[PDB]
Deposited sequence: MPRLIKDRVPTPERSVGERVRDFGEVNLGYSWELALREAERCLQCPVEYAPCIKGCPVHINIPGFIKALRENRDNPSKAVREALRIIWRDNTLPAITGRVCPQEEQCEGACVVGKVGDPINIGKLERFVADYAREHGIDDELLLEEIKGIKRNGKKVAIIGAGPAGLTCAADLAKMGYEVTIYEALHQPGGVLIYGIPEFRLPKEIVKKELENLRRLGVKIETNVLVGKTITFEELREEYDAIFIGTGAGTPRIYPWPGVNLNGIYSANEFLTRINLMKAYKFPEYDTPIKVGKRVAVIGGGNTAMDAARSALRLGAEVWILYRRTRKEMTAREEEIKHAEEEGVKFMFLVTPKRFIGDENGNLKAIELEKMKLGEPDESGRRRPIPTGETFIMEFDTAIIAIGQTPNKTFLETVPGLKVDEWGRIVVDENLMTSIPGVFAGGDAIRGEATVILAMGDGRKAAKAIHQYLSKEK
């Protein structure tokens, strides 16, 4: 076939406008643009299409794209049919189309990307979900699902309201179970609500899923820290099965001297203050946040990018200080580019030796070790760079405090819950998924695990 090699671009807000707020940067496709991009797809057979194999849950990508093309003159029918196909495998397309690292997944596998730009699969999936939400088409499909629910009288508890737990809960409700989600924070959503900022994941997208759960008859109990507020044994007595979706929410903090100086935040604290507590709107909102004139962000993943771009919106000059090379950064390529555009400065092959303070206990500088290349090793050369604020973003890990209290639960040396081929833990009737079993991973994997665990719970309770 002949290939149209350039992607149809998505519009984005200007840098000068968007660094003044936390609003979404990329405005997504319109119907006309999405249809044009869909037309670039070569419609590889489903039995071999490499994009499908690259999607961790194997969405029928050519199929939902074909649904757009075959309904060129009826966008509502096009979007309804496309979303029906996507929902066969993915509960969260408005989110994953925005946040998957597609270059490592569907788009990195697309044939057109070998000679040009791959099909913009994430933005097409996003468009389908967004258009559906704006026009009530998703509500139509959801009501169709709700009509088919036959209550079975059994109760399942979900621990944690991130993408794994939210997805598991919705699928169990569609199977007829009475589901309660227990969530420690005062709002559900997990990383979707406190971690990823509004400039790439608007809160309305998460709130829509909570509205869907309301319509599905799922109950959500916030301010419940399972292990303290309610014990695990109390849940086992009350519920027929349990799904653990507690994520990997503890910060990794290396024992650098000076790490407790004022002005040093974990990324989790910085992002929770910004995103969950709306500290960027202080004093309209009561939670404060403090950034100095120069901010260092330690790390190179999505967490680091989100912290850096949030700090830039608070007025700082911001540096990413990363211990490996540019090519090894794990953040989404699209967001690294956005950070560059917005003015984040980048330094590679450096890692902190210590943080240096002033008399009042405030951060003043970082002594940095230079690295060389296979793991990086220090060259022995060090230098001192002045900074007012630092944000540590070198990874997160599960909370061993919670895990050790769960009686009978087997956990590996990295804090990951051990599960079998059915996602069942060492405790019969207790299942787990998402970052709780993988360590830090992706939204699409957490969603996929929630669906797989819901099916396993149904099988377990039906036998």
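Unmodelled regions (deposited sequence positions with no C-alpha coordinates, counted from 1) are 1, 375 to 382, 473 to 474.
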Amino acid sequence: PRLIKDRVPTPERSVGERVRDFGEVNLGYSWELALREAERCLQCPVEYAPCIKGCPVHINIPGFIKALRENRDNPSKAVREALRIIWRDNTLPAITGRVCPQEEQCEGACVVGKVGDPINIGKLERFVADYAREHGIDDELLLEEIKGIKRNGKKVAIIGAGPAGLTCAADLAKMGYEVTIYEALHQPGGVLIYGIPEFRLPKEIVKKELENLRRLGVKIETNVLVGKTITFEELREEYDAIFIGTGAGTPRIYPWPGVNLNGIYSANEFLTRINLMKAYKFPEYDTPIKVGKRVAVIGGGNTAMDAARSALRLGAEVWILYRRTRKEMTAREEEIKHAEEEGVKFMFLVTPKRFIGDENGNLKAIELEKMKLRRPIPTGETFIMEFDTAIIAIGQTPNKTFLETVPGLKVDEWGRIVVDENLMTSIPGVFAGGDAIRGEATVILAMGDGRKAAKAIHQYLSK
From here on, numbers count along this sequence of modelled residues.
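When 437 to 445 is weighed against 17 to 25, 17 to 25 comes out higher, by mean CA B-factor as recorded in the entry. Relative to one another, 361 to 369 and 225 to 233 have unequal mean CA B-factors, and 361 to 369 is the one with the higher figure. Of all the options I61, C41, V57, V406, the entry's greatest CA B-factor is assigned to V406. Comparing the C-alpha B-factors of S76, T167, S266, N302 in the entry, the top value falls on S76. When the modelled residues of the chain are ordered by their C-alpha B factor, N262 lands in the middle third.
In the PDB entry, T382 places in the highest third of its chain by CA B-factor. Among the modelled residues of the chain, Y131 sits in the middle third by CA temperature factor in this PDB entry. The deposited CA B-factor of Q187 belongs to the middle third of values across its chain.
Compared with the other modelled residues of the chain, the Cα B-factor recorded for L124 ranks in the lowest third.
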